[PDB]
Amino acid sequence: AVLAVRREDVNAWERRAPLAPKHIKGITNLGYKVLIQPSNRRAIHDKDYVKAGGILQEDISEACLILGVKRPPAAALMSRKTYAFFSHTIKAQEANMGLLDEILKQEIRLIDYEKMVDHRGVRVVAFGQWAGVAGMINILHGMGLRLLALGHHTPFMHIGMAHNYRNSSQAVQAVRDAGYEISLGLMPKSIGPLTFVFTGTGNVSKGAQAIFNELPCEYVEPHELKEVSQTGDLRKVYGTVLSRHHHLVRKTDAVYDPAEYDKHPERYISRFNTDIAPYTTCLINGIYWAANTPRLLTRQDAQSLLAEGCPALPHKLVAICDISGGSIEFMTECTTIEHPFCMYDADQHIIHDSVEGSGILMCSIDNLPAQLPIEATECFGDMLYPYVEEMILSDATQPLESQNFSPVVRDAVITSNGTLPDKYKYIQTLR
Amino acid sequence: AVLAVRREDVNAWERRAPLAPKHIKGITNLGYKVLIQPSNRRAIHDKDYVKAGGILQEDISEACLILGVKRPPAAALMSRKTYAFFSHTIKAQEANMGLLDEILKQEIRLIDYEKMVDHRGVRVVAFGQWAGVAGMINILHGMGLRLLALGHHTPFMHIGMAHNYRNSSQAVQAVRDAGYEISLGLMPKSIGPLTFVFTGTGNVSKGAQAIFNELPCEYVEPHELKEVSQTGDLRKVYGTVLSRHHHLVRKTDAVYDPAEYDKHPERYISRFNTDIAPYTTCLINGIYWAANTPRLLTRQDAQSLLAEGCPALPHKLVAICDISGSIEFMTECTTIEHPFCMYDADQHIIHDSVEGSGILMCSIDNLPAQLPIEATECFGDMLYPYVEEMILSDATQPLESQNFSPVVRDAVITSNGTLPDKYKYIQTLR
Ligand SMILES: [Mg+2]
């Protein structure tokens, strides 16, 4: 019963860990030995895990359970062990198919965080609200550069990228300082009031709203967005939270039924393109798109939206940041931490790593919580902590049926004893 | 006698102004009318100039003197006026030749800030130390990214670009906070102590040292860098200021004579490549290169410099930042948008990258634009005493009848319709 936290080596920006020092202290209190593989890449220093009771050691062959965040290289895999990380093999991705064979060859039991769900189907291990926190900092930083490219200096120029701040607290202070300048009237008058639209009910939307609340903000209802976009006070920023009933209407009767939409989303359409989009400066998209869910904006909608010293904006919509996705059809490509922003012009072509031109600024980062890795690590570790003890007690050599697993851990096992279970047998047929 | 401050439209990053509101208040106190062309690009808001006494007006045809920072577009030029900006036509630059003839056609008097000098030859109007302040913030930000690409999370990751901060004070707070983490021991042990070398005696070198003083720094002599580079405390950063006598020696006897080096720099060489460079993590170059001054580093010197969970640095030298020809292998310059480039052992430069085994290099032509408010106040303070004589000038009257000081007078490039004798060579140089 020995636990090891492996070093992340997927990419340079993976500074997170599956467990935080306070979680390691709890595991050592239960009587389990925890090995910590040294890593200069992790945002939490090795000395903090030593204080919690972990042992700094390169050789983690002693451990039967190896915890990581992202996929490990094939050569690093140790045979006859239990590994837990994000495999991204659920859709039989070719890149991770070379990894999957080594796990089967080494007779490794693999638990995937993404498959861990409760009885209602909600994932029980995730990074919480921090993707929204990081997304809001980035999009405010991107709007400063985009507005400067259009010729307007704004206080948003004084907000850096999310990864430029030690933690969310230091970023909050920077947001307040830029907000102070806005309340002082340092915004350019010709661009008009700025309106922020938040979509979704998940934790990422609340995290994005938390950063927004540090600005001089006033929340208005969606139907008021038309009014505020023209007569709003320039010493404030305006925000609105989009709910289902605000924009979803039936194709037949334009009626919204909460129970019917959840069971039958194919019968509904979205009025976001005409009711909200023309009066939106910045869209923060947190909607988790499901089967037959209507899209907020289409390529046809973008064509409608895209048409001396102090010029006005060419179009009201400046930027869109998705913090959770198919909701926006013309957002076909994703950005990275290194190149956070791209432009979608009226010619329906994407200019990557640019804030210039007449297009719409777009931001779509797949690993937003990596920009706030310390706070993301504690949040992830809090969710994973209750399931850790049953994972350490697992034995990679014994069959799955003899293991004392809960349904959350059991259904998440992709590989075990060299062979894929029935529920994941389909992977082999999918290339 | 009407003065106007034109709107900057050279590039998106030109947020500076030739005069600050506090300077406009003094000019209005003298009784002169000041027009302010509205500009969303300016870092200082239009209302602050209105408070100082300026008048917000798009049409500045009433003014006889138009002050800007950088070049205006040719179409915007108003005939029979006096303009003051950086023209960059003294060396007959191809790009600005189309501007220069247009100025001659409009019969405009052009004063160039860079040509304004004192009797000793020192420029009297400049942006001061702020280029060095911005350069130090950027290079610390670049070292965090470069070290992360090498596999090391560092507190330098928590320092942004200069243009991400409202002023130098907010940047100082971030540098202090990263310094706190260094003093707490959060730096990775495997990379070892970090050594910073500052060169030059100009104002920009002093500005970069000011940001460095906010870190947990210990200053050592340049020759001590060899010892500290191995046994230095990992909770401190180490810096040294390079003087002439430390690295400059004559070829024949290895002796340094201050008076002779100034008169005959060709007789001297620099051993910085062997005595200090191998033990330098980050080089901040502020030396102003002269005719026969020896080079600090050569391409062959770079070839000599370029050769499990906690890896060591591939080579001691990580980054070089130029804040001012001293370094030949720095053949290309970077921009604010793409601040860093890598010079590899293959002698090819990969721009906008912090990855690979090369040497990270940063060389921005307009560093003060990242701190435009403080750069505007410094530039305006130097220009303010010469402003009044420019307002009294008349573009239609001959240059010889104008009451100009020698500083302003020699800086007139175009005068009335034809270039003066001192600038006659420009047309023949094309
Ligand atoms: Mg970049």
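The residue numbers of chain B are those assigned by Swiss-Prot, with the residues present covering 24-330, 340-356, 361-466 sequentially.
Placement of Cβ uses the backbone N, Cα and C atoms for every residue, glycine included.
Packing around B:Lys48 (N6-acetyllysine) is summarised by its Cβ count: 15 other Cβ atoms lie within 10 angstroms of its Cβ, all protein chains included. The annotation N6-acetyllysine is assigned in Swiss-Prot to B:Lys48 (among others) on the grounds of similarity to another entry.
Sequence-distant contacts of B:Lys56 (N6-acetyllysine), defined as residues of its own chain at least six apart whose C-beta falls under 8 angstroms from its C-beta, comprise B:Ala24, B:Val25, B:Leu26, B:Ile78, B:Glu85. Residues annotated as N6-acetyllysine in Swiss-Prot: B:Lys56 (among others).
Listed in sequence order, the residues of the same chain lying 6 or more apart from B:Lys93 (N6-succinyllysine) and placing their CB within less than 8 Å of its CB are B:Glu31, B:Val33, B:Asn34, B:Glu37, B:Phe108, B:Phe109. The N6-succinyllysine feature in Swiss-Prot is assigned to B:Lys93 (among others).
As annotated by Swiss-Prot, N6-acetyllysine applies to B:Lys93 (among others).
What Swiss-Prot records for B:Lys128 (among others) is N6-acetyllysine. Mapped onto three states, the DSSP output places B:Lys128 (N6-acetyllysine) in helix. Other C-beta atoms found within 10 angstroms of the C-beta of B:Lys128 (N6-acetyllysine) number 12, with every protein chain shown included.
The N6-acetyllysine annotation in Swiss-Prot covers B:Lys138 (among others) and is backed by similarity to another entry. Under a cutoff of 8 A between CB atoms, and with a sequence separation of 6+ in the same chain, the neighbours of B:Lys138 (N6-acetyllysine) are B:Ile113, B:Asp446, B:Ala447, B:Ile449.
Marked as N6-succinyllysine by Swiss-Prot: B:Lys138 (among others).
For B:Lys274 (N6-succinyllysine), the same-chain residues lying six or more positions away in sequence with a CB closer than 8 A to its CB are B:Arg290, B:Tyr291, B:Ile292. DSSP gives B:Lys274 (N6-succinyllysine) a coil state; it is part of no helix or strand. According to Swiss-Prot, the feature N6-succinyllysine maps to B:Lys274 (among others), an assignment based on similarity to another entry.
In the three-state DSSP scheme, B:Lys286 (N6-succinyllysine) falls into the helix class. Long-range C-beta contacts of B:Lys286 (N6-succinyllysine), restricted to its own chain and to partners at least six residues apart, with a cutoff below 8 Å, are absent. Annotation source Swiss-Prot lists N6-succinyllysine at B:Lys286 (among others).
Residues annotated as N6-acetyllysine in Swiss-Prot: B:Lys286 (among others).
Counting only same-chain residues six or more apart in sequence, the Cβ atoms lying under 8 angstroms from the Cβ of B:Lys458 (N6-succinyllysine) belong to B:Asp446. What Swiss-Prot lists as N6-succinyllysine is B:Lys458 (among others), and the listing cites similarity to another entry.
What Swiss-Prot records for B:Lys458 (among others) is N6-acetyllysine.
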Length of the line joining the Cα atoms of B:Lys128 (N6-acetyllysine) and B:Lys48 (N6-acetyllysine), in Å: 34
Gap length 9 residues; flanking Cα-Cα distance, B:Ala330 to B:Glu340, Å: 19
